[PDB]
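Chain and residue survey
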Amino acid sequence: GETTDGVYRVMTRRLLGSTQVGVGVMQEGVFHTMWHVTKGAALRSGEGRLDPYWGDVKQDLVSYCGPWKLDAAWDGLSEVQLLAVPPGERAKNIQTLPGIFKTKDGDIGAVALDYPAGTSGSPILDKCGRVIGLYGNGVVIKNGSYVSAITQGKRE
Amino acid sequence: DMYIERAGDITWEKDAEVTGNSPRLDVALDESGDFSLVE
Ligand SMILES: COc1cc(COc2cncnc2)nc(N2CCNCC2)n1
């Protein structure tokens, strides 16, 4: 199948038409997405089959064909870009300064950008172009607007 | 059966659209991976 580095839509035909349930990142021949996008299910790429290798419902992350590869981190200071990939619409960079998720276990970057659910798994970038995590898990605030964590996995 | 289609390269785009605010929020994370507002 296609194993080129870059960002991918995740599609199903199980509903009406073709439907974009999420997004993901191919790097080093591993496919990275959010667990709620695939629920651990196998994926097809041309005739290629991708099988799940690692996942954790709590991190809401899953890798295919290999272990989690993306280790870059938000530095805590600089702006970042959501490389957003909405259903039926062209990949679009949105530059933003992340806020913060304060938790009993520590602080995580957050990105306040509101896109349809099928955008879950779109990657977040530092200025050098490295992926520092995935958009699409997080929370709805007072306003009714949506705020996502910068969700990053651990590399071995 | 889900399938993937390539949607672009992963690159920083100079003069991208700059929007969004930067809010500090107190959150809990349950066993199901669902974040919630701790107010
Ligand atoms: C935390 O981020 C999100 C957003 C969404 C979809 O809601 C949105 C509403 N408005 C605009 N854009 C999106 N679903 C999920 N999930 C993941 C975990 N439960 C399964 C659905 N997460």
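The residue numbers you see begin from 1 on each chain and track the sequence as written, which may not match the entry, and residues missing coordinates are not shown. The lettering of chains begins at A and the numbering of ligands begins at 1, in the order of writing. The basis for every side-chain value is the complete set of heavy atoms in the structure, and neither hydrogens nor water enter the calculation.

Going by the header, the method for this PDB entry is X-ray crystallography, and the resolution given is 2.00 Å.

Chain A appears in the PDB entry as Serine protease NS3 from Zika virus.

The next point concerns the overall build of chain A. Helix numbering and strand numbering both begin at the N terminus, where a helix is a DSSP run of H or I of at least 4 residues and a strand a DSSP run of E of at least 2. Looking only at helices and strands, one finds 1 helix and 15 strands in chain A. Within these notes, the globule rule equals 2.2 Å times the number of residues to the 0.38 power, and the radius of gyration is based on C-alpha atoms. Over its C-alpha trace chain A gives a radius of gyration of 15 Å, about what one expects of a compact globule, namely 15 Å for 156 residues. Across its three principal directions, the C-alpha atoms of chain A cover 45 × 35 × 30 Å. Exposure is judged per residue with a 1.4 Å probe applied to protein chains only, and the accessible area is read against the type maximum: over 50% gives exposed, under 20% gives buried, and values in between give partly exposed. When the 156 residues of chain A are sorted by exposure, 53% land in the buried category. Any two residues having at least one pair of non-hydrogen atoms within 4.5 Å are treated as being in contact. Of all intrachain contacts in chain A linking residues separated by at least 6 positions in sequence, the fraction that spans at least 24 positions is 51%.

Okay, the interface of chain A and chain B next. Each partner contributes to the interface: chain A provides 58 residues, whereas chain B provides 33 residues. In this description, buried area is defined as the sum, over both parts, of the accessible area (probe of 1.4 Å) that is lost when the two are combined. Summed over both sides, the interface between chain A and chain B buries roughly 4000 Å², with carbon and sulfur atoms accounting for 60% of that surface. Throughout this description, a polar contact denotes any pair of N or O atoms lying within 3.5 Å of each other; where both atoms belong to protein, one of them has to be capable of donating a hydrogen while the other can accept it, and for residues adjacent in sequence the pair is counted only when both atoms sit in side chains. In this assembly, chain A and chain B are joined by 19 residue pairs in polar contact. Split into classes, the residues belonging to the side of chain A that touches chain B amount to 32 nonpolar, 15 polar and 11 charged. Note on residue classes: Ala, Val, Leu, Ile, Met, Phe, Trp, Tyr, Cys and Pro are nonpolar, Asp, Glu, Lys and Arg are charged, and everything else, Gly too, is polar.

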